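# Fold the following for me, if possible:
(5 chains, ligands or ions: 1)
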Amino acid sequence: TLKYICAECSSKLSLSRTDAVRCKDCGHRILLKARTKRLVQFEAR
Amino acid sequence: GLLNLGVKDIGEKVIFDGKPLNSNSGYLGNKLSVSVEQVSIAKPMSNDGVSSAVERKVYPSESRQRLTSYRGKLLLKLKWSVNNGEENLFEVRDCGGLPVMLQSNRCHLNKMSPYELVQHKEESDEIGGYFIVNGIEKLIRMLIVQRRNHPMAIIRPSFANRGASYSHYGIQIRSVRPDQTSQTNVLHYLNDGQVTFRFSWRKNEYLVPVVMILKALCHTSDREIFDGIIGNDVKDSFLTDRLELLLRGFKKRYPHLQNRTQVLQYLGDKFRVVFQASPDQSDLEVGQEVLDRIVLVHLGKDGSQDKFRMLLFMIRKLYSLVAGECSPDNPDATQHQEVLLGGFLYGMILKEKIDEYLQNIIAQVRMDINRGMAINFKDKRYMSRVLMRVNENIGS
Amino acid sequence: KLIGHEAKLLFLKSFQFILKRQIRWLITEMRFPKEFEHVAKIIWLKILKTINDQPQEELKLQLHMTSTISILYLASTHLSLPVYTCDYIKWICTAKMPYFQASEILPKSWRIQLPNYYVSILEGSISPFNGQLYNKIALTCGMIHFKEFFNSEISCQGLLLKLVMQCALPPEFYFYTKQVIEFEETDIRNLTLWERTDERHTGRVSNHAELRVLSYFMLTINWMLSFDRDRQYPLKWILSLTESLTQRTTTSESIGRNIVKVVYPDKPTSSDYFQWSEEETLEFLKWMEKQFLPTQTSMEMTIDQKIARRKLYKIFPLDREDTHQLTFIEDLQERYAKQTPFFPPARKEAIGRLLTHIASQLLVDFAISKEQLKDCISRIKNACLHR
Amino acid sequence: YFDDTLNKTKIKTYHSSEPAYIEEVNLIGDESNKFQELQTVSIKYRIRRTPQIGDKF
Amino acid sequence: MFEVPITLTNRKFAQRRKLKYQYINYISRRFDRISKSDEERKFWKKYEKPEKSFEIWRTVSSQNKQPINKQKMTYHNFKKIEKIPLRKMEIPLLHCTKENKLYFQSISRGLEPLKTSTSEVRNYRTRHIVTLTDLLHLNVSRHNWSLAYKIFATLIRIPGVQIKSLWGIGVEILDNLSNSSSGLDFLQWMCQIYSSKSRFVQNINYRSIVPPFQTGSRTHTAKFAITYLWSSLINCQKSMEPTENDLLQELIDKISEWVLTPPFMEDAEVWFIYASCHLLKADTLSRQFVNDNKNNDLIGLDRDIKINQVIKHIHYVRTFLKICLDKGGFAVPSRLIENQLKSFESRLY
Ligand SMILES: [Zn+2]
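Numbers count the residues shown, from 1 in each chain, chains lettered A, B, ... in the order given. The coordinates are given below.
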């Protein structure tokens, strides 16, 4: 499930190509693309 | 606040439908007085789609994250006065989003405690004072300008650059009106003893003999002006003779300006083309309005005896500089200077833009009457249509 | 979103489905095994048979809100489990049927199939008026040719019981009215469901069996009480029954009859609306907070609107910002006791007073005709005097 | 992204001298009239800067 | 019996006033001539709308207006005007239902319908809702708080509520509900909702929402937004002067947000209430610096910075009360407020 957080309500949601770019819990129009459990390698320097 | 004084200073912009009627042909009529009584600014709000939506306070965090300006709706109570009062029309017009200063009396963060401020995703200590324009943080740089309202004695080769018989000596007073709009006034001592006064109108410069502006301010005797300048100083043969050159020279140039009113008629007649008062004002009104708008505006309207006294003080300081009994000052010394604050510049530019906007309405009436003359100043339709035909987005 | 024949096919289909949903709550409701289920299925299989034949571009099928319950009604009679008025009141009171709102579907999609000409005109359009409900049953029987197909139609010694207990359940009056029914009530034979009134003007042949049962019921009471020469039913006894009657709570039933009264009809219960005996008021709001919860779920009124609505309901937490009331046979018992002291112009007046009341009750569960009922009454009145 | 005119899935390439890390991706529907198609996205790059020869102190 | 939450079953009622209006423009014309859907919009364009209030009540004291007409009505003269409009009502009577033929022939005789259109509608949803309404109106007419709240809470859950009594019984029910909520919240939620900052009046057949008791944000005040401010100042008064405070400021800045557009824009209590809130903020500061010279024996306490903060206000309030008078505000009995304010000044001395 892709995730997008409301910039002003913190409410998690799962946007679709068929929905309005808006927080369904607040009504804000700014959404942060959520981080997920995804592997990244790092040189410890 | 300063801005309401500014719009009180812009006054009126009148336009006549040449108001036909078929004195109504050489006095005609039907006046239309357009002005702005109040100017209100509202804190940033955003309502959804378009109308009916519940408004929400808009925060700077939003404008920065969004990369947009941080605008407040600019509104102004328009006064549409017809025939000096036959009909007044009030209108609150929205002039687009005016960028508001942070932590100002127009930013939601003006009164937030650090705790709430953090609750709004801000630097717990954010001083503010700057503007979010297209998301880019800009502040208006403060500027060092001549200390207002006080005559600064300057020797400048520009003064000679005016022409023959010009000396270097001169006085510069930067009169600023209550609204902080400025008007620089200069006095020049000619080699001929003549003194000429520099000023600026429609940002073009204009020169007038000072004895004209003196006889224009107040009805007075020649002995009152002479006594105004030299006074008890009866021993300055230097000043006695230069001042006799001045007054006698005016008697040479204008033997026919016998009284102050006639002088005002001469000023109105010579500036009527440019003060845009015509088809409405008499040469007495245009002349007096000029005095009121140019000469020592820091003293204000009806300060005409006081403005007279001050102008005489500048003449005395000018001759004391000429002799050399006093040093000239230094424009570049911090001693002689004051600070144009960014917000004050903001208020001035707003005042000027609202002046142009009303002038723009006047232009819109001119075009309408020049392609149809279809409609009378009374129509409510006319108010809505004309207003909807000029551009009013001063916020942008 | 389609017009014509295939629009009709799904209109058809949707009608298909809701009836099936209706039937299974039926089983859970009564729990009367494969039997109730399969008879109902072939009944509509039979109904469908006819629809296909006059097809081509036949769109007369647009069966009504009532067609479905008429179907379940006839199927039940085949089996002969219950009654009509009781079934109807029970159904309205508990919304047992999915009858009144057609959003259930399983269509979300059938909905969008453009409720167009049809499916929109499906599920919950309005409540039954006059014969706007027994007439359809006759039409169904005609298309169905139901009487030939199914046994013992409109029967039920159970409706009589329901009726006596209904109020002045004068144990003896079950046998009284059963006897007059015995009498000229179809030559002492259980009234069968009327025929397939094929004709479209649906005349008041007045053969709907029950309608006549209630008529005999009423008649019996006043005839019986209007010539109890032996004086078996005391003067002061008749008004006592009507007295005790004076409304009262209901272990579910009377609350239901209030819910049916509230279809604001001919103003016989309208005022009950007004009065609404205190709590009756309360258990009413209880049944509203439970059973018009389905009410609904705006979609496409900007998410924002929805949010606002939620907030509103929000700032209205509400729902709470002897188990007390009693069952049916409890109430029945206690008014049977409230009259337990048993052992001229006025009594005639009292008798008329009482009869108007039952007229209210029996009439109120059903399509009434504050005249037809009367017309019905008139009819058998005439039937009777051929001794 | 996809433009129907090209019937192609196109991409915006990153053009820089150094690697970065994505700090935030912000979806912008705001101040818009509808714009639900999400045509504006702001992406923040995190470039680590180790003290290095040539750095001023 | 009470006023229902819903758009009126638009079926027969819409063709009944087709016939009503069409007759009124027909008979209306010939009568005016002798004096020498579309028709319904034209009838309102011949009469001028209901301003933002209720009944175009306006004085009764200016223009003489001589209306002796002359009884000018000779049964014979009425039947000269009427004989031709009725035959032209027929043609569209043919096309109308038998119920609407009789309804027209009743109102054209001057009979009025004792059959309330909201006493026949037979729709489930609607059915109840009329149940819904009278039950809550009969329950507030006996102050039943615990039951009136349940009926109100269900009435808004059913799809048929336009603010309406939603707000006018939704506020008292919360004043009578000693428990949860301050009509205020509900009042400020209403304000957020029906700002209607758009100046819409007249034009179309408002027959779904008339009651200037919902609508505005144009010019025509909203009365729940005026009630929100009035309830808010009364909510500020209780147990003030007997950081967590703010309310009398919250109300000074929430009235600011406005400063005319529609409310500022229109005059009165808008100005007058804001002030009244402002006048109360002046007392509280004279009390908090009043009793026995401020609190007591003198102030020495840096003389009085507090008197100057109060005199600024008193001078400011008098500006708000004056602009509310000047701009046509009949609401304020100036004589009493000026005497109170001067006798109060005499406390600040
Ligand atoms: Zn949110």
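# where does residue D:23 sit relative to the ion, distance-wise?
21 Å (Cβ to the ion, to the nearest Å). Every residue, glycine included, has its C-beta placed from N, CA and C.
# So which residue is dead centre in chain D?
Chain D has residue D:43 as the residue nearest its centroid, 3.6 Å off, counting by Cα atoms, centre = their mean.
# Then that one would be within a helix, right?
No. Assignment of residue D:43 by DSSP: H, G, I helix; E, B strand; the rest coil gives strand, placing it outside any helix.
# Okay, and the beta partners of it?
For residue D:43, the beta-bridge partners are residue D:25 (DSSP bridges).
# so how far is residue D:23 from it?
Between residue D:43 and residue D:23 the distance is 8 Å, computed by Cβ to Cβ, to the nearest Å.
# next one: residue B:332
Residue B:332 is 48 Å from residue D:23, by Cβ to Cβ.
# Can you verify my assumption that the residue nearest to the centre of chain D contacts residue D:20?
No. Using Cβ atoms under 8 Å, residue D:43 is not in contact with residue D:20; the gap is 9.8 Å.
# Name the residues that touch stretch C:182-190?
C:152, C:155, C:181, C:191, C:212, C:213, C:216, C:380, C:383, C:384, C:386 (Cβ atoms under 8 Å, 6 or more residues apart in numbering or on different chains).
# just the CA coordinates of that stretch, formatted as CSV?
Listed next in CSV are the C-alpha coordinates belonging to stretch C:182-190 (Å, rounded to 0.1, in the frame of the first residue of the first chain):
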residue,chain,number,x,y,z
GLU,C,182,-68.8,-21.5,9.4
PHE,C,183,-72.2,-20.1,8.6
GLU,C,184,-72.4,-18.1,5.3
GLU,C,185,-68.7,-17.5,5.1
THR,C,186,-68.2,-19.4,1.8
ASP,C,187,-70.6,-22.2,2.8
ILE,C,188,-68.6,-23.0,6.0
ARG,C,189,-65.3,-23.4,4.2
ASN,C,190,-61.9,-21.8,4.7
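# List the buried residues of it.
Going by neighbour count (16 or more other Cβ atoms under 10 Å in any protein chain shown), the buried part of stretch C:182-190 is C:183, C:185, C:190.
# Go through those and flag which are in strands.
If you go by DSSP state E, the buried residues of stretch C:182-190 have nothing in strands.
# now, among these, which is nearest to residue A:7?
Distance ranking of these against residue A:7, using Cβ to Cβ, places residue C:190 first at 74.5 Å.
# Could you report the distance from the closest one to residue C:163?
Look at residue C:190 and residue C:163: by Cβ to Cβ, they are 15 Å apart.
# Check residue B:294 too.
Distance of residue B:294 to residue C:163, given as Cβ to Cβ: 106 Å.
# Then residue E:333?
Look at residue E:333 and residue C:163: by Cβ to Cβ, they are 71 Å apart.
# Residue B:226 now?
Separation of residue B:226 from residue C:163 (Cβ to Cβ) stands at 126 Å.
# Likewise for residue B:366?
Taking Cβ to Cβ as the measure, residue B:366 falls 91 Å from residue C:163.
# Give me the more crowded residue out of those two.
Taking other Cβ atoms under 10 Å in any protein chain shown, residue B:366 and residue C:163 do not tie; residue C:163 has more neighbours (25 against 11).
# what secondary structure does the more buried one sit in?
Taking three-state DSSP as the rule, one finds residue C:163 in the helix state.
# So which residues on chain A come close to the ion?
A:6, A:9, A:23, A:25, A:26, A:28 (Cβ under 5 Å from the ion).
# bridging residues for the first one?
By that I understand residue A:6. Beta-bridge partners, per DSSP bridges, of residue A:6: residue A:31.
# Enumerate every residue touching it.
So, once contact is read as Cβ under 8 Å, 6+ apart, residue A:6 ends up touching A:13, A:23, A:25, A:26, A:28, A:30, A:31.
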